[PDB]
Amino acid sequence: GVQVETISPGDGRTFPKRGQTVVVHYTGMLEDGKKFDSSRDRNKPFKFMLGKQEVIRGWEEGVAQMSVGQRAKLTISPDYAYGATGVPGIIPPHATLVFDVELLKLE
């Protein structure tokens with residue numbers, strides 16, 4: 001599944017709902033800390049719609065548990081990420097992923 005650990009608290013009040021657009025900064029890392037992706041490197045917040053399944057399952061369910069302003073560490077099992085196949089060249093098979101996610105606003 002996905003484990004959500006707070007880095008810095010949000011408002012504790014505004015949680016994203018299905019159909020809402022979520023605006024975040026994130027960094028994605030393998031288990032050894034190797035970064036494979038980061039919106040912060042692009043200096044461009046990333047937007048996705050909750051429930052569209054345009055992000056991995058661990059994000060769908062993990063970010064849904066975050067409040068606006070919150071920064072959290074999401075630890076995501078492979079079945080909630082890229083599974084047995086992984087993404088060859090980037091993500092190994094059966095990889096646990098760690099994401100640093102900051103929820104900036106809802107749209």
Side-chain angles (χ1 to χ4, degrees):
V2 53
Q3 187 165 328
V4 184
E5 293 175 281
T6 299
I7 292 165
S8 64
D11 71 0
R13 299 178 169 208
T14 313
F15 292 79
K17 304 302 170 183
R18 287 193 308 272
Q20 293 196 283
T21 295
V22 183
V23 184
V24 302
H25 255 318
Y26 72 94
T27 302
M29 294 156 282
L30 299 181
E31 66 186 3
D32 66 352
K34 274 180 194 59
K35 168 190 61 58
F36 58 83
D37 193 17
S38 168
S39 58
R40 296 189 189 274
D41 286 326
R42 302 186 286 270
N43 194 43
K44 178 180 175 53
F46 172 65
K47 308 184 178 185
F48 69 98
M49 177 181 292
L50 195 61
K52 194 182 175 181
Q53 302 176 343
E54 66 177 334
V55 296
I56 58 177
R57 189 170 180 163
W59 270 55
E60 284 286 10
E61 300 180 9
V63 175
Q65 298 173 49
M66 299 178 62
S67 64
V68 175
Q70 184 180 4
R71 184 160 183 174
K73 180 181 178 178
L74 279 61
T75 297
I76 305 183
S77 69
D79 50 311
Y80 277 60
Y82 297 109
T85 65
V87 181
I90 307 183
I91 307 296
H94 302 292
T96 297
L97 308 182
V98 171
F99 285 83
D100 179 341
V101 182
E102 179 177 3
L103 175 46
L104 300 173
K105 62 175 296 200
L106 296 174
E107 288 178 350

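The first residue of the sequence shown is numbered 1, and numbering continues consecutively from there.
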Q. Remaining members of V98's ILVMFWY cluster at a side-chain heavy-atom cut-off under 4.5 Å?
A. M29
Q: Using ring pair (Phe, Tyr, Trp, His ring centres under 6.0 Å) as the criterion, list what pairs up with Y26, not counting sequence neighbours.
A: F46, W59
Q: List in chain and number order the residues that pass side-chain hydrogen bond (donor to acceptor under 3.5 Å, both in side chains) with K47, two or more places apart in sequence or in another chain; answer none if no residue qualifies.
A: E107
Q: Mind listing the closest non-hydrogen atom pair of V2 and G58 along with its distance?
A: CG2-O, 3.6 Å
Q: Mind checking the CD1-CD1 spacing from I56 to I76? Nearest 0.5 Å is all I need.
A: 4.0 Å
Q: Check side-chain hydrogen bond (donor to acceptor under 3.5 Å, both in side chains) between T27 and all other residues, then give those that pass, not counting sequence neighbours.
A: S38
(Q) For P92, give me all partners under side-chain contact (heavy atoms from CB on, under 4.5 Å), at least two apart in sequence or on another chain. (A) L30, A95
Q: Please list all pairs passing the ring pair (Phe, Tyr, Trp, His ring centres under 6.0 Å) test where one or both residues lie in residues 72-91, with sequence neighbours left out.
A: none
Q: Sorted by first residue and then second, give each salt bridge (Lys or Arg N to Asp or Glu O under 4.0 Å) pair with at least one member in residues 2-27; sequence neighbours left out.
A: none
Q. What residues form a salt bridge (charged side-chain N to carboxylate O under 4.0 Å, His left out) with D79, not counting sequence neighbours?
A. none
Q.
Applying side-chain hydrogen bond (donor to acceptor under 3.5 Å, both in side chains), can you list everything that pairs with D32, at least two apart in sequence or on another chain?
A. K34
Q) With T85, which residues qualify under side-chain hydrogen bond (donor to acceptor under 3.5 Å, both in side chains), at least two apart? A) none
Q.
Restricting to non-hydrogen atoms, name the atom on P16 and the atom on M66 that form the minimum distance, rounded to 0.1 Å.
A. CD-O, 3.0 Å
Q: Please report the shortest heavy-atom distance between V63 and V22, naming the atom on each side.
A: CG1-CG1, 3.8 Å
Q) Restricting to pairs with a member in residues 58-77, which pass salt bridge (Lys or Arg N to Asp or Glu O under 4.0 Å), not counting sequence neighbours? A) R57-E61, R71-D100
Q. For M49, which fellow cluster members are found when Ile, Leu, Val, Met, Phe, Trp and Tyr are connected by side-chain heavy-atom distances below 4.5 angstrom, either directly or through intermediates?
A. none
